[PDB]
Amino acid sequence: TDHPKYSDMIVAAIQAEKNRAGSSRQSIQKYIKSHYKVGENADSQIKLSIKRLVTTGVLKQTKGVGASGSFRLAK
DNA sequence: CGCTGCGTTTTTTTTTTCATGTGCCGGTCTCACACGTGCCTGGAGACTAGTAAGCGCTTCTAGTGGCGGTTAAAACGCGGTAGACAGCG
Ligand SMILES: [K+]
Numbered sequence: 023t024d025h026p027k028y029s030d031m032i033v034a035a036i037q038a039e040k041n042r043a044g045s046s047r048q049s050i051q052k053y054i055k056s057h058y059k060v061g062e063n064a065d066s067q068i069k070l071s072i073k074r075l076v077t078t079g080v081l082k083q084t085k086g087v088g089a090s091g092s093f094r095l096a097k
């Protein structure tokens, strides 16, 4: 029972939810609690992690700024 | 393997029909406005009379300046933070 790396947890959930707009923080957060396991902050962690993927170019942004909008996978 | 574009399949947006409720015209029937008539009460006349109120005069209050002094209170401005407003699901 463990929370693998920010990205190694989102990678797993965004991966099972095909969408033309993609997957958006609300959706993602609802997955992790569903099947995996966590205490809390997670949601605040998920945001910074997704911000790390925005800047670098790991996970694209569909529409919106910060942790508001839709965030897909690499290619 | 990775990309890249380019025909495909779908989505978005445009244009044209289309089925809907609108308010628009012109003929029938109803009971409500308007008239009227006749009776009765409440307004008018007029004069009486008694008292309220308005004007001037008496006083004296309580309202309007005005004079500085000290302080508490406004002013102003700078600095940052949390709350207003938009945007996403
Ligand atoms: K007075």
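Taking PDB author numbering, the leading residue of the first sequence gets 23, the next gets one more, and so forth. We put the beta carbon where it would ideally sit given N, CA and C, even for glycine.
Give the C-beta separation of residue i and residue j to the nearest angstrom, bearing in mind that I take them to be a contact with Cβ-Cβ under 8 Å.
i, j, result
"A96", "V80", "6 Å"
"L70", "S29", "Not a contact, Cβ separation roughly 11 Å."
Can you name the start and end residues of the alpha helix (DSSP H) that residue i belongs to?
i, result
"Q67", "64-78"
"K52", "47-57"
"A34", "28-36"
Within a Cβ cutoff of 6 Å, which residues of the same chain sit near residue i, ignoring the five residues on either side of it in sequence?
i, result
"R47", "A89"
Could you say which of the options lies nearest to residue i if we only look at CA atoms?
i, options, result
"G91", "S45, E62, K52", "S45"
"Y53", "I32, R42, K69, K73", "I32"
"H25", "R42, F93, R74, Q67", "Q67"
Between residue i and the rest of its own chain, which residues show a CB-CB distance below 8 Å, the 5 nearest in sequence each way excluded?
i, result
"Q37", "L95"
For residue i, I'd like the list of residues in its chain whose CB is within less than 7 Å of its CB, leaving aside the five on either flank, ordered along the chain.
i, result
"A35", "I50, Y53, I54"
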